[PDB]
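A.B. asks: I am attaching a structure below and will ask some questions about it afterwards.
Where a number appears in this text, it was derived from the coordinates with a stated rule and is not lab data. Cβ placement follows ideal geometry from the backbone for every residue including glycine, while neighbour counts extend to all protein chains displayed.
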Amino acid sequence: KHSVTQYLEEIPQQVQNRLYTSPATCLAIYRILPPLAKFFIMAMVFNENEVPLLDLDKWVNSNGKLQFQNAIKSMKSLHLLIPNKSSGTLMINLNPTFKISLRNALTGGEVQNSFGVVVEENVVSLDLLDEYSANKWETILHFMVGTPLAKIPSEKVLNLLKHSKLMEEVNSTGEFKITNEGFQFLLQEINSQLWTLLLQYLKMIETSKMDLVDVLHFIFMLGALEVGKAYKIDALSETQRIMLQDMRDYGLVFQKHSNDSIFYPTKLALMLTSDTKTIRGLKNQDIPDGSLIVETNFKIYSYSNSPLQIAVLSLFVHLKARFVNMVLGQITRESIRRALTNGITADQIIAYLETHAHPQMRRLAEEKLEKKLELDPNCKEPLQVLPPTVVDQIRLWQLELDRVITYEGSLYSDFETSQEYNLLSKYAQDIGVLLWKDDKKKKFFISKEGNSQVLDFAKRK
Amino acid sequence: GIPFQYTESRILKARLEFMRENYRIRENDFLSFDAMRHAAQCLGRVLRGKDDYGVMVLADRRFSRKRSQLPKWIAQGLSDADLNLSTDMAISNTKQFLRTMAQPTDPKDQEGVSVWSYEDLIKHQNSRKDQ
Amino acid sequence: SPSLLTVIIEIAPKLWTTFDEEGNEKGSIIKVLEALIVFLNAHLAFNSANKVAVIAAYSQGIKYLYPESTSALXXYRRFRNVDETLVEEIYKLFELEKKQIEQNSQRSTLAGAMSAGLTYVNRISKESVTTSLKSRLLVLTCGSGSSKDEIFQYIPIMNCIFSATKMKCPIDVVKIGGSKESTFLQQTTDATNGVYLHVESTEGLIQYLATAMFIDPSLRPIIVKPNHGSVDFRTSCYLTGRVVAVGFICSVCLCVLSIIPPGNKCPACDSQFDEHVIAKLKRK
Amino acid sequence: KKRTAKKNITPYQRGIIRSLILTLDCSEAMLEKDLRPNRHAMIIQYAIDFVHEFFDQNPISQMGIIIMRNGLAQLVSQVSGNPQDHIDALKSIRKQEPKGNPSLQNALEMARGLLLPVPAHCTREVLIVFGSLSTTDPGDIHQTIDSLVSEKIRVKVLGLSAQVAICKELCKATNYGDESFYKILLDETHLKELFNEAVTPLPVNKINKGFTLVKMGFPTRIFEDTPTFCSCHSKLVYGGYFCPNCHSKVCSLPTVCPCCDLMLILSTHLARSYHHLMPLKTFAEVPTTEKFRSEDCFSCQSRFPXXXXXXXXXXXXXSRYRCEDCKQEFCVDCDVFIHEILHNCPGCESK
Ligand SMILES: [Zn+2]
Ligand SMILES: [Zn+2]
Ligand SMILES: [Zn+2]
């Protein structure tokens, strides 16, 4: 988890304070925080007198009071609060801007931005655009995955992917295929897919029109609700418009055509901070949408399917014979080499497959599990929960296929004594260069380019 | 087994002579029935009151041919599928029947027909059974 | 790790009027609900939009408030409804009063109100097939006179607690009114593992609320903030009304007595007492 | 579409202060495979839950355990009040396995002495889980049965997949003739509630002695966790209750007074009963057309209770099991639940 929070906190306070104007964000980020934060924030939310510290520690009893640190670190980490060690104590209060940025929002303040959604005549249909972006939102996966349909045609979007370079494919030939990031691309479907990308916008977002609130606000304003109009008409900065253009271009925004309106709030924006139900021509029903068979017979077992996720699942198994709702494809010791041909371990595969395609394998989780949870100490010999038999073989083949590690560069060789190692190689294991730390080796390893602190101290020894 | 007496002598047979020579009866006629005449003769003791119940097994191959000589209520109580049972198939039915019967199987409502609500249903049903 | 809040609020117009008499007539419960009104919004903003529910106990009876009982058939637009939608019903219900209502004050619908929520909690809980929602409810009351302590509700309330435990749903109560701490309630919160604050009326307790009533839902690693001891020498000798600690519970009647009993016919069960045994009580 | 315990008719008397001695057959008969590890394991399994389940509805009732192996009566757990002690005593045995026949005659007599010490009001009561198909009795029985009656010892057995006259006689005799207590299961799921039904008290049409006042008191919590000490376990209990009369500490419990010998509960234990005292008439299903009440549950709030005309679905079931005495409706699960967990009829509560 990249934990967008981590991206968030990267910036200094003035920028943080810059952003806290848009109230919904303050609320949005409020959701982000661990509960203690959420808790104590309220505790300070409506008392306009900075407060000591031990009191808060005196709020918590024993075990769990570590989260206090995990709490207080976080808030301090982004410095929402302002410490005051005036009287030796810590007099504390939020960034009042942010605090009022909340309170105003919390009790109907002057939030024109967070309340930028100017509702209008609702022309939105449920199936209306339900995949209308979902197509573009799905096709991009294929276009990213590399498939029959040019679902990844966004020149900016592609240039984003190329700029993002998270995909392991031949950009020289144009490919940005399943790298580990591509594998990760397969990994975090919605929360991962959205966020994992969204930063790419920021990743590309460095050149012109910083306007981060007008950027971020365009996000959480989207993250707010399907207000449709009242902003896309006017209530958005030009940075919003480009973001609006980008959002629709990213698909993540439910903006219709004609380039003059308030775009609808596509479901994605809900999914952006949902962590809830996420599924959604006219046939759109799950959970069986992802349909497949998991078992120790090394094959495709597919009645239902996601007509891309299949070829996605193929990315570790050879397609041999497509049929209407089934395909002959043998996922075997041979097939797994492909995920290693890309290189990524199919370890993500395990739980995901133990999580996905079970819609077609629901009788499986009882033909296999038998709920072998409480009978654990009554039998020395459990039964396939969760099915490891191929997974062991996988884990077997895992090393068995991998079975090597290579290094390259120069080779430092035949050192002198136990300082350069136990002065500056556990210190190379303390300044992050080494590509081998074998103490007695008297020889150590890096990657050729990586010496800026490697031909520097052993000379000094 | 199926009871028999020709362990003994012409005493029956010599008697059978007159019996068979006069009455159109063969030894078997006498034989097959009379064993049954003694076979179920045991069984009638098994039940005293309609409260009671029990299991009545028969252990001989030839009983299969002998289904058609029972007292009527017996054979009515005898179902077809119980024919030529082996032990395994037998033990199950009792295993249930015991378990089942042991339940306080007291409908206390359908007993009107079978226990004839007193002075009323005999009045009722036999007024309806007046024909 | 979301949850569910289910406020339970009485509206005792007598007490609500007495609330004007109490302290000052400087703004009745109209202040309170206001303070409450926002308080929910936090709970909404708090978790991953974990749901809430409100049930109210008017004079003649009770009524769900938030969940918007079948009716047709700014403020982040999700808050804005929840309250102003509910507010309608509070007003719509507020329309429901008159002296005929004012005549049948023979009980306080409080207890039954509590029950309904539990049901409602179970209603959600039992349907809560996916990602089970731990949950807690909350009570408030303009504790006033005209009944220093109703006693019939004793039983049913206590039946709530047993359920609450089994339902694992803590309760919380915020009494505002005369300095008469409802042991019943105070016991309840303690047994239900909640809090209690017989605070005064004037303040807009949102300060209390966020602090004192945001704690449980899932968190509960944390010190309760209750008052002093919750002495559990329970209901007075029903015969007398004298709170008991050296009790005398009769028998199959289960009534609670002092040394008072008439030696016969438990003054809730027509059960003449074992005279020899009754005498054996005099053994001191 | 209904199977209702029609009328809640003690109607005024049920046996609260109980003294139940649970006895389990532990024989090779218990080692037959009708149940998965055996009957015996499921037994001890289903016994475990029982204890809380028992002590839940009966926080005022002592209880103890007996096993029956090798034709021997073998107490396992002294009759007491804590569940846990009882509860743990099972698991110990649960791993151990039965040996030798069940000697019913040994069982009761060990109980007969065992149940002597309890006061008169305490329902002197025993429950049996027989597993075998016969017994091995060291002494007489028909005489032995009578001795029980002389002591007013109700009994009840959970027959295995059979019926045996003597116990069938035993229950019948010991419940003053009027019998229902010889239940023998036909299905394992039945056994589940078979324990559960044993939880409640058990009068039907009683004879009435002098049911006396029960002396008792109530303790109060303490504060200083540091000042730890004890007076019933003599340990350093961080700090707990104190006798209203003896005024001595005690490990937290509904226990008796280890200092001046009286019963000390809080009250909730009493409250825990009363639903047993006056339960509720069942919520009645509604007519398939005449209901016409709100399209939303009362107790819960579920819009349906019907189907708004769905051919063979709306007329299929008037999902409106509803109360009589308050005459207010109620949801399906609600009535299922309000009759189950908390009894406290909401509609009948508020009027
Ligand atoms: Zn002790
Ligand atoms: Zn004492
Ligand atoms: Zn009712």
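A.B. asks: Please determine, by comparing only the residues of the range C:23-50 that are part of a loop (DSSP other than H, G, I, E, B) and either of a type in the set (D, E, K, R) or touching a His at 6+ places or on another chain (Cβ under 6 Å) (or both), which one is nearest to A:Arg31 (Cα to Cα).
C.D. replies: Only one residue fits best here, namely C:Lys26.
The rows are residues; the columns are (1) of a type outside the set (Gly, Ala, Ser); (2) within 14 Å of chain A (Cβ to nearest Cβ).
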residue	(1), (2)
C:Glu10	yes, no
C:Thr17	yes, no
C:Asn24	yes, no
C:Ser28	no, no
C:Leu33	yes, yes
C:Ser48	no, yes
C:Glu68	yes, no
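A.B. asks: Now for a different question. Within the range A:69-102, can you find the residues that are under 30 Å from the mean Cα position of the chain (by Cα), crowded, with 17+ Cβ neighbours inside 10 Å and not in a loop (DSSP other than H, G, I, E, B)?
C.D. replies: Within the range A:69-102, A:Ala71, A:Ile72, A:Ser74, A:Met75, A:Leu81, A:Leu94, A:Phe98, A:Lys99, A:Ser101, A:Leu102 meet the criteria.
A.B. asks: Just give me the residues in the range C:170-209 being farther than 18 Å from C:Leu118 by Cα, acidic (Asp, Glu) and surrounded by 19 or more Cβ atoms within 10 Å (Cβ to Cβ), in sequence order.
C.D. replies: Passing the criteria: none in range.
A.B. asks: Turning to a different aspect of this structure: Output yes when any residue across the range D:221-236 is outside any strand (DSSP E or B), within 9 Å of chain C (Cβ to nearest Cβ) and either at positive phi or of a type in the set (S, T, N, Q) (or both), and no when none is.
C.D. replies: No, the conditions are met nowhere in the range D:221-236.
A.B. asks: Tell me, which residue of the range D:323-342 that is touching a strand residue (DSSP E or B) at 6+ places or on another chain (Cβ under 9 Å) and within 14 Å of chain C (Cβ to nearest Cβ) is nearest to ligand 1 (Cβ to nearest atom)?
C.D. replies: Across the range D:323-342, the extreme among qualifying residues is D:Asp335.
A.B. asks: Restricting to the range C:114-139, count the residues that are in a loop (DSSP other than H, G, I, E, B) and either under 12 Å from the mean Cα position of the chain (by Cα) or within 23 Å of D:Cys345 (Cβ to Cβ) (or both).
C.D. replies: The number of residues fulfilling the criteria is 0.
A.B. asks: Continuing with this model, one more query. Mind listing just one residue for me: the one in the range D:1-50 that is among the hydroxyl-bearing types (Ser, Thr, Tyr) and in a loop (DSSP other than H, G, I, E, B) and, of those, nearest to the other protein chains (Cβ to nearest Cβ)?
C.D. replies: D:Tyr12
A.B. asks: Give the residue, chosen from D:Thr212, D:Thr144, that is over 21 Å from the mean Cα position of the chain (by Cα) and within 12 Å of another protein chain (Cβ to nearest Cβ).
C.D. replies: It is D:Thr212.
A.B. asks: Checking the structure you have, find out if any residue of the range D:235-245 is touching a strand residue (DSSP E or B) at 6+ places or on another chain (Cβ under 7 Å), within 16 Å of ligand 1 (Cβ to nearest atom) and of a type in the set (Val, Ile, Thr).
C.D. replies: Yes, the range D:235-245 has at least one match.
A.B. asks: Which one of these does A:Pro148 not meet: (1) assigned to a loop (DSSP other than H, G, I, E, B); (2) away from chain C (no Cβ under 14 Å); (3) closer than 23 Å to A:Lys267 by Cβ; (4) not aromatic (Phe, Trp, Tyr)?
C.D. replies: (3)
A.B. asks: Is the range C:115-136 home to any residue that is within 13 Å of chain D (Cβ to nearest Cβ) and within 22 Å of C:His198 (Cβ to Cβ)?
C.D. replies: Yes: one or more hits.
A.B. asks: Scan the range C:70-92 for residues that are away from chain A (no Cβ under 14 Å) and crowded, with 18+ Cβ neighbours inside 10 Å and jot them down.
C.D. replies: Selection gives C:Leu86, C:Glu89, C:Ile90.
A.B. asks: So, D:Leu202, is that one part of a helix (DSSP H, G or I) and either under 30 Å from C:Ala245 (Cα atoms) or more than 16 Å from ligand 2 (Cβ to nearest atom) (or both) or not?
C.D. replies: It is false that D:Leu202 is part of a helix (DSSP H, G or I) and either under 30 Å from C:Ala245 (Cα atoms) or more than 16 Å from ligand 2 (Cβ to nearest atom) (or both).
A.B. asks: Output the residues belonging to the range D:190-221 that are surrounded by fewer than 18 Cβ atoms within 10 Å (Cβ to Cβ) and within 16 Å of ligand 1 (Cβ to nearest atom).
C.D. replies: Matches in the range D:190-221: D:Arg221 only.
A.B. asks: Just to check your reading of the model, which residue among C:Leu209, C:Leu185 is within 24 Å of C:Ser144 (Cβ to Cβ) and either within 11 Å of another protein chain (Cβ to nearest Cβ) or β-branched (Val, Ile, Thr) (or both)?
C.D. replies: After ruling out the rest, the residue left standing is C:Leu209.
A.B. asks: Look through D:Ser299, D:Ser273, D:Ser252 and report the one residue that is of a type in the set (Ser, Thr, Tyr) and within 16 Å of ligand 1 (Cβ to nearest atom).
C.D. replies: The unique qualifying residue is D:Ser252.
A.B. asks: When you go through (1) more than 8 Å from chain D (Cβ to nearest Cβ); (2) hydrophobic (A, V, I, L, M, F, W, C); (3) touching a helix residue (DSSP H, G or I) at 6+ places or on another chain (Cβ under 7 Å) one by one for C:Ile223, which number turns out not to apply?
C.D. replies: (3)
A.B. asks: Can you go through A:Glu381, A:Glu416, A:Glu354 and tell me which one is within 25 Å of the chain's Cα centre (by Cα) and acidic (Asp, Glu)?
C.D. replies: A:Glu354
A.B. asks: Evaluate the range A:202-217: report whether one residue or more is touching a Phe, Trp or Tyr at 6+ places or on another chain (Cβ under 8 Å), over 21 Å from A:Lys267 (Cβ atoms), among the acidic types (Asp, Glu) and buried (at least 16 other Cβ atoms within 10 Å of the Cβ).
C.D. replies: no
A.B. asks: From the list D:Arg303, D:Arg322, pick out the single residue that is basic (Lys, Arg) and either crowded, with 19+ Cβ neighbours inside 10 Å or within 16 Å of ligand 2 (Cβ to nearest atom) (or both).
C.D. replies: D:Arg322
A.B. asks: Identify the residue in the range D:1-30 that is among the small types (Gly, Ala, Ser) and in contact with a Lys or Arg (Cβ under 7 Å, 6 or more places away or on another chain) and, among all such residues, is farthest from D:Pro83 (Cα to Cα).
C.D. replies: D:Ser27
A.B. asks: So, in the range A:178-190, how many residues would count as being assigned to a loop (DSSP other than H, G, I, E, B) and either more than 18 Å from the chain's Cα centre (by Cα) or of a type in the set (A, V, I, L, M, F, W, C) (or both)?
C.D. replies: 2
A.B. asks: Please enumerate the residues belonging to the range A:341-386 that are within 30 Å of A:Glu168 (Cα to Cα) and assigned to a loop (DSSP other than H, G, I, E, B).
C.D. replies: A:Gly343, A:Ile344, A:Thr345, A:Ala346, A:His356, A:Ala357
A.B. asks: Every residue in the range A:416-461 that is within 24 Å of A:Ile405 (Cα to Cα), of a type in the set (D, E, K, R) and assigned to a loop (DSSP other than H, G, I, E, B), please.
C.D. replies: If the condition is that a residue be within 24 Å of A:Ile405 (Cα to Cα), of a type in the set (D, E, K, R) and assigned to a loop (DSSP other than H, G, I, E, B), then A:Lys426, A:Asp430, A:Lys437, A:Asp438, A:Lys442, A:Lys443, A:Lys448, A:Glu449 are the ones that fit.
A.B. asks: Further question: Could you identify the single residue in D:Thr255, D:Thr289 that is away from every other protein chain (no Cβ under 14 Å), surrounded by fewer than 19 Cβ atoms within 10 Å (Cβ to Cβ), within 23 Å of D:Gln57 (Cβ to Cβ) and away from ligand 3 (no atom under 16 Å from the Cβ)?
C.D. replies: On inspection, the qualifying residue turns out to be D:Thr255.
A.B. asks: Of all the residues that make up the range A:320-340, how many are assigned to a helix (DSSP H, G or I) and in contact with a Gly (Cβ under 9 Å, 6 or more places away or on another chain)?
C.D. replies: Qualifying residue count for the region: 1.
A.B. asks: For C:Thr165, state whether it is within 14 Å of chain D (Cβ to nearest Cβ) and either among the aromatic types (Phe, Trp, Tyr) or not in a loop (DSSP other than H, G, I, E, B) (or both).
C.D. replies: It is true that C:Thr165 is within 14 Å of chain D (Cβ to nearest Cβ) and either among the aromatic types (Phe, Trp, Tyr) or not in a loop (DSSP other than H, G, I, E, B) (or both).
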